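To begin, one chain is listed below as structure tokens, in the form deposited in one PDB entry.
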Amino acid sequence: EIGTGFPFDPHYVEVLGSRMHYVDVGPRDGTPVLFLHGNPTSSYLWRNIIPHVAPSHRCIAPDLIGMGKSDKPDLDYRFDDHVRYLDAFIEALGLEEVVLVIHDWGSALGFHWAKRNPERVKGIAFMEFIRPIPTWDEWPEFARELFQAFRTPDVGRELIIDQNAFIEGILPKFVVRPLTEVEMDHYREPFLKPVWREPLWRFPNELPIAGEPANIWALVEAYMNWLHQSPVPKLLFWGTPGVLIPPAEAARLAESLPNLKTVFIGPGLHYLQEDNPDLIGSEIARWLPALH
């Protein structure tokens, strides 16, 4: 029964201004074994191979830049981009000599690194690796039309980006046994529809206005009532005309909040820190010792 779990603590190293994730298990010394995945996978692909090797050797399995749990900087993600990031990853880890275990585009990276660093490679295990394919007749007939479409302008991006054809189509098509839903979800995870700007939209939809949404209205009314009764020392900064706290609200708070000091900061709307940070910071500093 082939394992679906990924029982590996995350490790990250900063590389050319981004972070790359990697598996790092086994002893600390000896020759490390460096596992390189390809498209559209991650170190997840090695999850059931690493445990055979970890008892005797250090196992390092990075996620290529833009993949797995690695950062996704704004690159073209051409082969040369992957070369740069993997080169810097190996150097950031201070690796000397390695054994390579490589697959697909990770094999193009590994072989290219090995050719440039032959003294540092003690062995290469490889499988289903990138070699020059002399004609499309040498490409498997059952996947020829699809890969030709991937390489066809516009249509390739529709299939791979809009329809996720490489994860939903190629990946199970190129495994003989059936992948489970848990396994597909691990492969889907780095490429789900991005969170992106969701937090910025959800916040205004939570603002407590005219009783709605009711759960936030109740919670905010509760802490406003707490503030009205609490002896906690309070410091209010307000600007004019303000947004949430106009002058009239500042005066209401002066009437209603115990133990309140109020500072007017001058012109201000909502992000008062951008209009008079020096007064805000200096007044906080002056107020803090009075809290002893």
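Counting begins at 1, following the sequence as shown. By rigid core we mean the largest C-alpha set that fits within 1.5 Å across both forms.
Another form exists, deposited in another entry; not displayed. Remarks below refer to it.
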Residue among 121, 108, 171, 86 whose Cα moves 2 Å or more between the shown form and the other one, once the rigid core is superposed: 171
After fitting the core, residue 155 CA displacement of 2 Å or more between the shown form and the other one: yes
Core-superposed comparison between the shown form and the other one, residue 71 Cα displacement 2 Å or beyond: no
Shift of residue 184 between the shown form and the other one at or above 2 Å (CA, core fit): yes
Comparison of CA distance in that other deposited form with shown form for residue 126, residue 142, at least 3 Å: closer
Cα distance between residue 148 and residue 79, which in that other deposited form differs by 3 Å or more from this form, closer or farther: farther
